[PDB]
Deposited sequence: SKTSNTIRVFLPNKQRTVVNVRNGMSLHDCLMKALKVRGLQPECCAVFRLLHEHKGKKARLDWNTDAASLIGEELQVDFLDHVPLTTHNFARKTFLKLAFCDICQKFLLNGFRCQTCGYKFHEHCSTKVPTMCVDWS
């Protein structure tokens, strides 16, 4: 009893369904681990474009169908834009808080970090 759900930024999840679950219920964890919030997302139903759904719909009514989740229309939560950086002033890494001689910096949000701290930078650029 499943639904394949396409997620923003070319991701996807297949969620398990048992009677008594809303769309917000089945997808809360999938969005969380990916740095996404249902507040900035809409959920649709794939047709063969798409059809907007409310986040509290009975998931059992959508079993065997294909869904899609998108950022808010023209409010796309962007992805970081990393650039190599030599810090001339005293700088510390935003991940490990240790001294940062040189590292990387997102040109959009300003996160600065060591290369080997980069896996800990959050996925989404705020």
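Missing from the model, by position in the deposited sequence, are residues 1-4, 53-56, 135-137.
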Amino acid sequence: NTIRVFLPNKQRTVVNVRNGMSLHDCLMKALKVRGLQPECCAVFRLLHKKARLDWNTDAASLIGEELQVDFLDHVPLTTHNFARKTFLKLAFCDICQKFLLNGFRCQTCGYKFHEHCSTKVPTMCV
From here on, numbers count along this sequence of modelled residues.
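We call the rigid core whatever largest set of C-alpha positions still superposes within 1.5 Å between the two forms.
Taking the rigid core as the alignment reference, the C-alpha atoms of 81-89 lie farther on average from the displayed form in 6 other deposited structures of this protein than those of the other stretch among 81-89 and 51-59. Core-fitted comparison in 6 other deposited structures of this protein shows that, between 25-33 and 66-74, the CA atoms farther from the shown form belong to 66-74. Looking at 87-95 and 54-62 together, the entry lists the larger mean B-factor for 54-62, computed on C-alpha atoms. For the pair 72-80 and 27-35, the mean B factor over Cα atoms is greater in 72-80. Highest CA B-factor among the listed residues (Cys109, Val15, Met21, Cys117): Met21. Split the chain's modelled residues into thirds by C-alpha temperature factor. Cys40 is in the highest one. The entry lists a Cα temperature factor for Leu47 that places it in the highest third of the chain's modelled residues.
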